[PDB]
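Understanding the architecture of this molecule
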Amino acid sequence: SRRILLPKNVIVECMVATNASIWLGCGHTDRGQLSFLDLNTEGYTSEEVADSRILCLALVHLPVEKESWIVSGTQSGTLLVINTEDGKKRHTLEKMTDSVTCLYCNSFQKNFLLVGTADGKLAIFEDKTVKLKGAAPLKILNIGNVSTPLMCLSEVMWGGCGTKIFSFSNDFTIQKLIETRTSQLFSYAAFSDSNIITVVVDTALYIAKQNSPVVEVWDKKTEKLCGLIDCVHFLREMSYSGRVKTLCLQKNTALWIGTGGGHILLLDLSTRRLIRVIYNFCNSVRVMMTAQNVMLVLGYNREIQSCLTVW
Amino acid sequence: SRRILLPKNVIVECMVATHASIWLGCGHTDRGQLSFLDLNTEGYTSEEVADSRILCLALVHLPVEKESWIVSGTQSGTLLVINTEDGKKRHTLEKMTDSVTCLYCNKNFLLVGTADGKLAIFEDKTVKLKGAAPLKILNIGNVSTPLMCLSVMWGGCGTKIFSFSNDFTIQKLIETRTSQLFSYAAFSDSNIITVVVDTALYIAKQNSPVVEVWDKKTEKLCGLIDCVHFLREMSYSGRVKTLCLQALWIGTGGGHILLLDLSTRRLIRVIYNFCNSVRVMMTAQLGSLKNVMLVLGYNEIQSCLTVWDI
Ligand SMILES: [Pt+2]
Ligand SMILES: [Pt+2]
Ligand SMILES: [Pt+2]
Ligand SMILES: [Pt+2]
Ligand SMILES: [Pt+2]
Ligand SMILES: [Pt+2]
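Residues numbered from 1 in each chain as written, not as in the entry; some residues may be left out. Chains lettered and ligands numbered in written order. Heavy atoms only, no water.

The deposited coordinates derive from X-ray crystallography, with the record listing a resolution of 4.000 Å.

Given below as structure tokens:
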């Protein structure tokens, strides 16, 4: 477990991993800047590639044809595809009607690129179609509206749009649609009336909402509230906000929770709750993900100093 | 609303009002000290009446025979009955096997809940008799589950809510630990300290900032009220110390008082720093057509009694 310091004032909007290295979208700029970090040598290189800020990233790998493409979704709705080996090979897919707020690589075996936009729409591209300039999506699901950004996808596929949890399968039709804005058992009502920022899929659905310290647990079948995890009370065992910023699952039982501060919780999901707690791991946990085995945690301190801890 | 400052370092464990004046059990002493406060003149008098700390008070009024008796249940299990008019008229009922942790006035009856999970029932008249035995003793819990609140009659014993109407059968028995699935586990695994009954059961647990709301019929959780989150709209503990219906009043471990709506579970009023710690909050009848709200808090200790009209 070592910490790699990014250059000063670098802000990381988004992250994808692949001498291990990671691709980063820069948030300290209004244009689209793509950065590359060698996890071994801690070397950092960047390049302005788009006109608007890069919101999320995805890595589409084609085993046949032996080619890896890095896909950047931008604030203007542009999907910029760049070749990993030869940067001179780059093109653009079909422009989205709003900003690209989610990029996911799914498999059904057929591979797909799911693209969630800020106007509540979900575009689906096929694995091969990513290579084609101006390529059109196979389908576009109108799940929400301009006020309900589609911000997270997890794997059947579950996703978060506004205050709704949606599900879809092979045929790409929305099967389950669960409204999480209202529940009588809510410990506090104002927290639940916020957009869902992350969804992790296990036996139940564990969701977190913007500026909310309460991780909600909903059932797939009954579509009702299974439970509540109040990070404020777990942290107090005192002025912590407990605002959840990221959720990450370990192999089967453990769930990682990054809070608005630099606190990281590790909870068991079978019969008890609390396993491990690390206070002041940073000033603010921003991203937390698993890569191939390996845990990556991107935080920032504030001038701004972004750091990437890995173990 | 007016405040009455009690003498310095006076600690009030229990409280009961009569017509205006109030009776207090003292908690700043290891013996059983009973105090009397005139709400008009703010005069304070006290007397050591028992060997162990007076834990709970009750006021048994007999309209026929025209007699008021003050009953004190203590840490040793003694039930001391004293005449309101003549202090020399005092006696002791049957000793309880553990400390008396609840006294309620409900034909009229006196319910006596003890720390070993038992509930003894006395009739209205039998309080006058020296060494009188209870009509019945219900063994609801054990030595580890104290019966600490009563409000058909509902009550709290350990982590269970019990119900009874005609004094010889425990009707409902609901386990409230089951709420571990919602908003915290350690808070739900605590003894019930207060229960208020309007349409659902609003219960609070020791060292818990979460008021649970349970259904009478389905015997399941209706809702949760997290005082920490309501207070933050920052280091407040939010530990609930008292509940009282009017709307629902909630006194917290701090000096904060919440006033919430029942039908909507919305926030009506919030009074920050009403004192340093709210301890007791109740309604009293200080005379004919006189409904009054009493709040006992404390702030090196200075206990204060705020009083206003409803
Ligand atoms: Pt991302
Ligand atoms: Pt996500
Ligand atoms: Pt993850
Ligand atoms: Pt009492
Ligand atoms: Pt009570
Ligand atoms: Pt009350």
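Here we come to the overall build of chain B. Of regular secondary structure, chain B possesses one helix and 28 strands. In summary, chain B has a C-alpha radius of gyration of 19 Å against a globular reference of 19 Å for 310 residues, a match within 12%. The principal-axis extents of the C-alpha atoms in chain B amount to approximately 55 × 45 × 35 Å. Here chain B holds 310 residues, and the buried ones make up 56% of them. Carbon and sulfur atoms form 48% of the exposed surface of chain B, whose accessible area is close to 13,600 Å². Separation of charge centres in chain B, based on 31 positive and 28 negative side chains, amounts to 2 Å. (Helix = DSSP H or I, 4+ residues; strand = E, 2+ residues; numbered from the N terminus. Rg over C-alpha atoms; globule rule 2.2 N^0.38 Å. Buried < 20%, exposed > 50% of the residue type's maximum accessible area, 1.4 Å probe, protein only. Areas by Shrake-Rupley, 256 points an atom, 1.4 Å probe, with all protein chains shown as cover. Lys, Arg positive; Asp, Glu negative; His and termini not counted. Charge placed at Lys NZ, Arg CZ, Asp CG, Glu CD.)

Turning our eyes to something else, we now look at the packing of aromatic side chains. With the rule as written, the count across this model stands at 19 aromatic pairs over all chains. Following the ring pairs from residue to residue traces out a cluster consisting of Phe108, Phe112, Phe166, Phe168 and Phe172 of chain A. One residue, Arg286 of chain A, lies across the ring of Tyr300 of chain A, its end atom 4.3 Å from the ring centre. Positioned over the ring face of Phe274 of chain B is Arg3 of chain B, at 5.2 Å from the centre of the ring. (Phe/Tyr/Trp six-rings, centres within 6.5 Å; stacked < 30°, edge-to-face > 60°. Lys NZ or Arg CZ within 6 Å of the ring centre and 35° of its normal.)

As a rule of thumb, nonpolar side chains are buried together in soluble globular proteins. In terms of nonpolar packing, the biggest core is built from 67 residues, with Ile257 of chain A together with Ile250 of chain B touching the most fellow members. Ranked by residue count, the leading element in this core is strand 18 (residues 196-201) of chain A, at five residues. The contacts of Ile250 of chain B, once residues within four sequence positions are left out, are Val211, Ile225, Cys227, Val240, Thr242, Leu243, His256, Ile257, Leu258 and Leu260 of chain B. (Core = buried A, V, L, I, M, F, W, Y, C linked by side-chain atoms within 4.5 Å. Contact = heavy atoms within 4.5 Å.)

All told, the structure shown has 19 salt bridges over all chains when counted by the stated rule. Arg2 of chain A is the partner of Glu42 of chain A in a salt bridge, and the nearest nitrogen-oxygen pair spans 2.7 Å. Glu42 of chain A gets classed as partly exposed once you look at its relative accessible area, which sits at 37%. For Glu48 of chain B, the salt bridge is made with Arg31 of chain B, and the minimal N-O distance between the two is 2.5 Å. Here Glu48 of chain B is found in strand 5 (residues 44-50), whereas its partner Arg31 of chain B is found in the loop between strand 3 (21-26) and strand 4 (32-38), with 17 residues between them in sequence. Taken together, the salt bridges that share partners define one network made up of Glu13, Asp30 and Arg53 of chain A. (Salt bridge = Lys/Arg side-chain N within 4 Å of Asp/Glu carboxyl O.)

What follows concerns the sheet that holds strand 21 (residues 221-226) of chain B. For sheets, the rule is that strands pair by backbone hydrogen bonds, running either parallel or antiparallel. All names here are of chain B. Spatial strand order, 18-19-20-21: four strands in an open sheet with antiparallel pairing. Either end of the sheet is taken by a strand with one partner, and the two such strands are strand 18 (192-197) and strand 21. Direction aside, the axes of adjacent strands within the sheet are offset by 20 degrees on average. Bridging between strand 18 and strand 19 (residues 201-205) involves five bridges; their strand directions are antiparallel. Looking across to strand 19, one finds that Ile192 is bridged to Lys205. (Pairing = 2+ DSSP bridges. Axes fitted to C-alpha atoms, helices over the stretch in contact; angles between N-to-C directions.)

Let's shift gears to the side chain of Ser188 of chain B. All names here are of chain B. With respect to the helices and strands, the residue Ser188 is situated in the loop between strand 17 (173-175) and strand 18. Residue class for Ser188 comes out buried when judged on its relative accessible area of 2%. Here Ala185 takes part through its backbone oxygen, which lies 2.9 Å from a polar atom of the side chain of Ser188. Excluding anything up to four places from it in sequence, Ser188 contacts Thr159, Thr176, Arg177, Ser179, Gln180, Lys205 and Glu212. (Polar contact = N/O pair within 3.5 Å; in protein donor to acceptor, adjacent residues only side chain to side chain.)

The interface is formed by 24 residues belonging to chain B together with 22 residues belonging to chain A. Taken over both partners, the interface formed by chain B and chain A buries close to 2,000 Å², and the fraction arising from carbon and sulfur atoms is 53%. Of all residues in chain B, the largest losses of buried area upon contact with chain A belong to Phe182, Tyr184 and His229 of chain B, amounting jointly to 30% of the total for that side. Viewed at the interface, chain A and chain B are joined by zero salt bridges. Along the contact surface separating chain B from chain A lie eleven residue pairs in polar contact. The biggest single contributor to the side of chain B that touches chain A is strand 21 of chain B, with six residues. Class assignment of the residues belonging to the side of chain B that touches chain A gives a composition of 15 nonpolar, five polar and four charged. (Buried area = accessible area lost by both parts, 1.4 Å probe. Nonpolar A, V, L, I, M, F, W, Y, C, P; charged D, E, K, R; others polar.)

Residue and element names in this part refer to chain A. Counting buried residues in strand 28 (residues 305-310) gives five out of six residues, a clear majority hidden from the surface. Pairing of strand 1 (residues 2-5) with strand 28, which is carried by four bridges, proceeds in the antiparallel orientation. Opposite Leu5, over in strand 28, you have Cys307 as the bridge partner. Two strands pair when backbone bridges link them, and strand 27 (residues 294-301) and strand 28 are joined in this way by six bridges, in the antiparallel orientation. For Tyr300, the partnering residue across the bridge sits in strand 28 and is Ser306.

Turning our attention to the side chain of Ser68 of chain A. Residue and element names in this part refer to chain A. With respect to the element layout, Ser68 can be found in strand 7 (residues 67-74). In this structure the side chain of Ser68 is engaged in a polar contact, spanning 2.9 Å, whose partner is the side chain of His61. If we skip the residues at most four places from it in the chain, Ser68 touches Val60, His61, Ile82, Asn83, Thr84 and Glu85.

Right, let's talk about the pairing of strand 11 (residues 109-114) of chain B for a bit. Residue and element names in this part refer to chain B. Burial of strand 11 is extensive: six of the six residues sit out of reach of the surface. Burial of strand 11 is two-sided: the residues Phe109, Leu111 and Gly113 facing one way and the residues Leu110, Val112 and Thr114 facing the other way are all buried. Alignment of strand 10 (residues 100-105) against strand 11, held across five bridges, turns out to be antiparallel. Following the sheet pairing, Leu103 is matched in strand 11 by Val112. Bridging between strand 11 and strand 12 (residues 118-123) involves five bridges; their strand directions are antiparallel. For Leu111, the partnering residue across the bridge sits in strand 12 and is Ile121. Between strand 11 and strand 12, which pair antiparallel in sequence order, lie three residues; one of them, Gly117, sits at a positive phi of approximately 75 degrees.

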